[PDB]
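Below, chain A is the first sequence line, B the second, and so on; all start at residue 1. Heavy-atom basis, side chains included; hydrogens, waters and symmetry copies ignored.
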Amino acid sequence: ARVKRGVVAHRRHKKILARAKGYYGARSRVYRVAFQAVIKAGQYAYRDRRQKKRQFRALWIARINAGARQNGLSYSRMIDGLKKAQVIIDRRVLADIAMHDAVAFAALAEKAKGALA
Amino acid sequence: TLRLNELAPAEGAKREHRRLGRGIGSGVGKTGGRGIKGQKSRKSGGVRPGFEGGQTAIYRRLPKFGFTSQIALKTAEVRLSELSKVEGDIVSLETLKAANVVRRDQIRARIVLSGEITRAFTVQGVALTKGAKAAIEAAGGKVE
Amino acid sequence: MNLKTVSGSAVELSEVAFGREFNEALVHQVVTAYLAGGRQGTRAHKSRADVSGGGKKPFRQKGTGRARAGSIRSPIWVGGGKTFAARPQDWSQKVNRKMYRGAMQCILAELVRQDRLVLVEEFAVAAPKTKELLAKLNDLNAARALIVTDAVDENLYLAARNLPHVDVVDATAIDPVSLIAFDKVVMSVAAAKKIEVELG
Amino acid sequence: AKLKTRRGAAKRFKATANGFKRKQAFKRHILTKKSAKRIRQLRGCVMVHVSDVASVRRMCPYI
RNA sequence: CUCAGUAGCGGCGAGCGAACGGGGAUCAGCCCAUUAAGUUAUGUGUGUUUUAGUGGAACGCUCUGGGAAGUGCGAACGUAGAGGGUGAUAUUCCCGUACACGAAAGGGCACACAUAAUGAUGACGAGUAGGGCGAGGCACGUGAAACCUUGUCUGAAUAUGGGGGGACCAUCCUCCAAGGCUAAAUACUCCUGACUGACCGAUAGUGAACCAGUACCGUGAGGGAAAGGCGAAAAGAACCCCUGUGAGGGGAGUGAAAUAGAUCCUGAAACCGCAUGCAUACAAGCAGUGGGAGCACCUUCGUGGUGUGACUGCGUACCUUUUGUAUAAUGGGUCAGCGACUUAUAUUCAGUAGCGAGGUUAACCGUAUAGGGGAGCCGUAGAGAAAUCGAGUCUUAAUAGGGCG
RNA sequence: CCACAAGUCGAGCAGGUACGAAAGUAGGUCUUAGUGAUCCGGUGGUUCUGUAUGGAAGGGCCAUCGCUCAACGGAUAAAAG
């Protein structure tokens with residue numbers, strides 16, 4: 001019962017190459033080089049799915065800080081004031097408000113400094 | 001039911017055989033369970049049984065004792081319960097051999113008290129222990 | 001048990017031969033053993049020591065820059081010997097006599113339960129003509145079926161030879177695979193009695 | 001082929017109901033200096049140790 | 001086939017390894033010079049089988065199609081529905097198949113009979129048996145070494161006798177060497193005919209599907225390749241044009257199909273061209289990944305889809321071997337194909353099925369996976385080196401004590 | 001105490017002893033080093049075995065003898081550059 005490998009092997013190599021398309025030089029043409037490229041891409045994706053949350057939190061904090069300093073407070077003091085006032089709006093929403101609506105962010109800053117004092 | 005494509009074996013009857021060196025996922029890939037290097041990793045790598053690395057072996061650092069007896073090979077032991085296989089009332093060496101409880105090449109037989117008997121027998125030219133003789137008499141047989 | 005023949009009469013048969021419970025694992029083992037015993041197992045391959053040539057070392061061990069080689073018929077090379085050459089094999093298995101008889105009993109009981117076994121008082125052919133046998137089997141509603149008789153008449157054998165899905169056998173030659181393969185089993189009372197006496 | 005017995009071991013080991021019996025060493029030739037207690041206690045048979053039972057089983061399959 | 005990996009042999013290492021007894025296959029005895037069975041060659045007769053061959057049943061319509069054996073409707077033969085072919089899948093189109101029939105001439109086999117030779121320079125076994133010395137063979141290595149052959153030196157008795165029964169002596173049992181012939185069961189396949197395959201399908205399978213033991217290498221012995229596929233049918237492109245009356249093309253024509261056009265079925269990858277869209281000439285590194293503006297096309301115009309990716313955070317390949325590798329430690333120029341835990345036997349444990357204090361056959365017979373075959377094996381009792389005894393047994397003067405059960 | 005092979009201490013019972021009036025003490029010496037497995041062979045006993053039978057030879061069992069095998073768990077009987 002002799003078995004030929006051609007069809008299955010070709011299908012596997014073709015699938016790897018198809019996943020590899022868009023890379024430079026031998027990475028998108030040669031199976032040996034392409035197979036390594038796919039695995040490293042997967043590893044980078046696994047690490048970046050975690051890094052993304054940190055990066056977006058840092059961006060939100062920066063925008064909130066800019067808005068707070070326009071309204072006369074630092075980011076840390078505004079966060080403390082909001083916590084004292086018992087406001088539970090998160091930083092993503094606070095940053096969106098800071099970017100798109102200055103009056104509402106000013107009202108929030110007023111509330112925070114009122115709680116501070 | 002009762003078709004060539006509807007017949008199945010019992011659960012646990014068949015197991016897939018183990019195949020070595022067919023990929024990472026199988027769990028026995030690459031080395032295939034042999035480990036890394038050394039004599040045992042090589043083809044035909046097992047050492048001779050009874051070899052302990054050079055120290056005098058267990059079977060060579062102990063003394064020889066005893067000798068073999070020829071008549072013991074031809075002596076035969078028979079349990080009491082086996083007499084049930086016997087056809088007829090006469091228990092002898094020939095009758096035991098016919099019943100296939102004693103091999104043909106044996107020259108004498110002994111009967112020991114091992115089981116129970118519910119029949120009457122007459123024993124001819126076969127050695128009996130005290131318990132076996134008592135059991136035969138109780139069952140209603142005789143000796144000689 | 002009382003089994004009704006096609007005409008309407010009643011035939012008494014043994015419970016052991018036709019009333020045994022169905023043991024799927026036992027039947028599977030026996031049928032697989034028969035199928036395996038059906039194999040011929042004739043073949044071979046040539047190992048590195050059976051291929052023509054290859055006696056000498058192709059090139060010296062050191063200095064050339066190639067990979068070290070000992071023979072041109074090494075299995076790694078194209079045109080070389082097969083690593084593990086086969087030899088003819090015997091595929092017969094030992095089936096216990098009691099297990100074989102039990103499997104046959106189970107098959108007969110299951111056929112009786114499923115109503116694929118029809119008992120006839122008699123079954124014979126006047127002439128070795130296929131059309132008469134075809135008419136008889138159509139009348140019995142057993143066009144595709146296996147016929148079991150105490151003895152095989154030459155005329156019936158000739159008449160059944162060319163019919164597809166129809167074979168005729170003696171009571172002493174039944175086999176578990178043929179008992180299962182055909183849609184129906186047409187059995188005479190005498191064959192039933194003989195098989196009952198054989199208890200399998 | 002059939003497994004073959006290691007006759008050297010077969011000449012040193014005999015089978016009991018649940019194990020193997022053996023003789024003891026240090027009783028062959030040098031005996032004058034040895035004490036009477038050792039002389040008497042080294043006589044007779046002992047049992048094979050569990051750790052070494054496996055090798056004896058391998059070397060004596062049919063006993 | 002068992003006995004049995006038992007009894008024994010062995011730097012008592014590694015290893016080697018019987019016989020008696022039982023079950024089968026086959027079955028057969030006959031002679032030493034008044035000359036046997038058996039064998040061989042020639043010739044005759046009675047049966048049988050081969051070397052060419054002959055006959056051999058039964059389908060129409062309709063639909064798709066280049067082509068029907070394929071669809072739908074109904075019909076016939078079958079001791080025949082094995083196999084191959086015919087423009088795609090045929091019991092009824094062809095070759096055939098079951099069956100019936102056939103030999104002028106030649107050949108093989110069985111038996112009967114008539115001759116030739118042969119058995120057969122052989123008529124009871126003397127340089128013989130036995131012994132000293134050195135070797136060899138028997139499962140057995142000189143070992144307590146019995147038994148067989150002899151290179152060398154010797155050497156009987158002869159049925160009132162002699163050989164063997166494992167050193168050797170006595171008794172008993174058994175047989176008659178130094179002269180011969182003999183079939184079957186057994187071993188094998190250069191060849192012949194038939195049939196078969198959970199054997200391969202052009203890097204496989206014979207080295208060799210093809211003009212292969214050839215081409216080719218070597219003084220020579222010797223070593224030793226690669227290379228199958230148009231189409232159903234050549235119907236293999238009349239004729240016109242460019243070109244050197246070249247090669248190579250374009251039109252026309254054939255064909256169901258011409259990127260089926262003759263290194264001619266399908267035509268993958270590495271590698272190399274042309275065309276379209278986006279990006280790219282102020283910016284430093286395993287070339288991706290998470291985000292993300294602009295542009296082109298398609299748009300159900302959407303919080304859409306397909307290509308491209310200015311700018312930005314993170315980020316030093318894979319395998320092997322190692323305490324530890326981006327390592328400037330090893331291996332890989334790339335692609336396609338091939339490439340490495342198997343098979344037989346024995347044994348041990350686990351799972352599963354049958355039977356159960358019982359379980360099971362081996363060789364073998366058997367128109368044969370059935371049925372028969374009980375020899376044999378495992379289990380059912382241990383103790384002791386052994387005799388021996390036995391639910392007990394060994395040790396001991398001991399019913400004590402203790403070991404193994 | 002110990003991987004194994006081995007090693008170490010020991011109440012107490014039966015028999016025969018020596019010394020004590022007696023209770024009693026004694027199974028080598030204050031203790032921890034003074035050593036060598038297996039195979040093969042020698043010697044004294046032995047209610048074991050004895051290749052047809054009776055013996056014998058040979059074998060087994062108890063006691064004991066032959067290694068600076070010191071590279072001292074000891075490749076072979078015998079081995080330098």
Side-chain angles (χ1 to χ4, degrees), chain A residues 1, chain B residues 1-19 84-85 100, chain C residues 1-5 10-41 88-120 123 142 144-152 165-200:
Chain B
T1 308
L2 246 200
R3 249 73 209 201
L4 283 182
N5 66 337
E6 274 141 286
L7 275 171
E11 271 328 328
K14 310 300 175 74
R15 291 193 83 41
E16 220 86 88
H17 70 142
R18 206 176 55 133
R19 283 189 300 146
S84 285
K85 299 185 167 201
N100 276 133
Chain C
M1 48 177 90
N2 283 50
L3 298 179
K4 289 180 182 61
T5 196
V11 190
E12 235 289 353
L13 281 191
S14 153
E15 192 112 355
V16 188
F18 298 80
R20 178 186 182 110
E21 220 280 287
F22 185 68
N23 197 335
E24 217 215 353
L26 183 58
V27 173
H28 174 271
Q29 180 177 357
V30 168
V31 169
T32 278
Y34 195 93
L35 286 176
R39 286 181 70 162
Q40 202 177 287
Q89 280 175 116
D90 160 49
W91 288 97
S92 274
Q93 320 186 359
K94 185 204 162 184
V95 167
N96 274 121
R97 186 193 289 117
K98 282 169 190 186
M99 293 160 87
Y100 177 84
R101 277 161 191 161
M104 290 306 269
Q105 282 153 298
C106 287
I107 291 170
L108 287 161
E110 192 53 28
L111 286 162
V112 163
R113 283 191 281 273
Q114 280 186 33
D115 321 314
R116 287 149 56 189
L117 190 132
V118 311
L119 286 121
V120 281
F123 195 91
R144 326 163 63 91
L146 167 76
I147 300 149
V148 189
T149 61
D150 186 325
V152 172
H165 314 114
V166 175
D167 206 4
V168 57
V169 70
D170 185 319
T172 64
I174 58 173
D175 86 87
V177 168
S178 34
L179 287 180
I180 301 167
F182 293 78
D183 268 23
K184 290 207 170 180
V185 193
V186 177
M187 200 213 291
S188 79
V189 46
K193 301 271 264 305
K194 236 164 185 53
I195 282 156
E196 144 176 280
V197 152
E198 254 265 356
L199 270 185

Roughly how far apart are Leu4(B) CG and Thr32(C) OG1, rounded to 0.5 Å? 9.5 Å

Going by the side chain to side chain contact (heavy atoms under 4.5 Å, CB included) test, name the single residue among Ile174(C), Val30(C), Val27(C) that passes it with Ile107(C). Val27(C)

Check whether any side-chain heavy atom of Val112(C) lies under 4.5 Å from a side-chain heavy atom of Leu13(C), and answer yes or no. no

To the nearest 0.5 Å, what is the distance between CD (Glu198(C)) and CE (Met104(C))? 10.0 Å

What I'd like to find out is whether the side chain of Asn2(C) reaches to under 4.5 Å of the side chain of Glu12(C), using heavy atoms alone. yes

Could you tell me whether the side chain of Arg116(C) reaches within less than 4.5 Å of the side chain of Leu2(B), counting heavy atoms only? yes

Under the side-chain contact (heavy atoms from CB on, under 4.5 Å) rule, what do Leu3(C) and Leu117(C) come out as? Steps first, then yes or no, please. CA-CA 11 Å; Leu3(C) 298 179; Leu117(C) 190 132; 5.7 Å; no

Taken to the nearest 0.5 Å, the spacing of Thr149(C) OG1 from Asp170(C) CG works out to 5.5 Å

Can you tell whether the side chains of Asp183(C) and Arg3(B) come within less than 4.0 Å, N to carboxylate O? yes

Nearest atoms (heavy-atom pairs only) where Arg20(C) meets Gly102(C): NE-O, 3.4 Å

Taking every heavy atom of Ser14(C) against every heavy atom of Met1(C), the minimum-distance pair comes out as O-CE, 4.0 Å

Check: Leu7(B) and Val31(C) side chains under 4.5 Å, non-hydrogen atoms: yes

Can you tell me if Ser188(C) uses its side chain to pair, donor with acceptor, with the backbone of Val120(C) under 3.5 Å? no

Is there a donor-acceptor pair closer than 3.5 Å between any side-chain N or O of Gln114(C) and the backbone N or O of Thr1(B)? yes

So NZ of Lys98(C) and CD of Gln105(C): to nearest 0.5 Å the spacing works out to 12.0 Å

NZ/NE/NH1/NH2 to OD/OE distance under 4.0 Å, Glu196(C) and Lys193(C): no

Please name the pair of heavy atoms, one in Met187(C) and one in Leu108(C), separated by the smallest distance, quoted to 0.1 Å. CE-CD2, 4.4 Å

Reported CG-to-CD distance for the pair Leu35(C) and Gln93(C), which is rounded to 0.5 angstrom: 10.0 Å

Please find the pair of heavy atoms, one from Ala171(C) and one from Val148(C), that lie closest to each other, and give the distance. CA-CG1, 3.9 Å

Any chance CD of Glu11(B) has more than 12 other-residue heavy atoms, nucleotides or ligands included, within less than 6.0 Å? no

Hey, does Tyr34(C) have a side-chain heavy atom less than 4.5 Å from the side chain of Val95(C)? no

Over all heavy atoms of both residues, which pair between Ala173(C) and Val169(C) is shortest? Give the atoms and the distance, please. CB-CG2, 3.5 Å

Salt bridge (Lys or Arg N to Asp or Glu O under 4.0 Å) involving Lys194(C) - partner list, sequence neighbours excluded: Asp150(C)

Interatomic distance, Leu26(C) atom CG to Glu21(C) atom CD [nearest 0.5 angstrom]: 11.5 Å

Mind listing the closest non-hydrogen atom pair of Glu24(C) and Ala8(B) along with its distance? OE2-N, 3.2 Å

Donor-acceptor pair, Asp175(C) side chain versus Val177(C) backbone, under 3.5 Å? yes

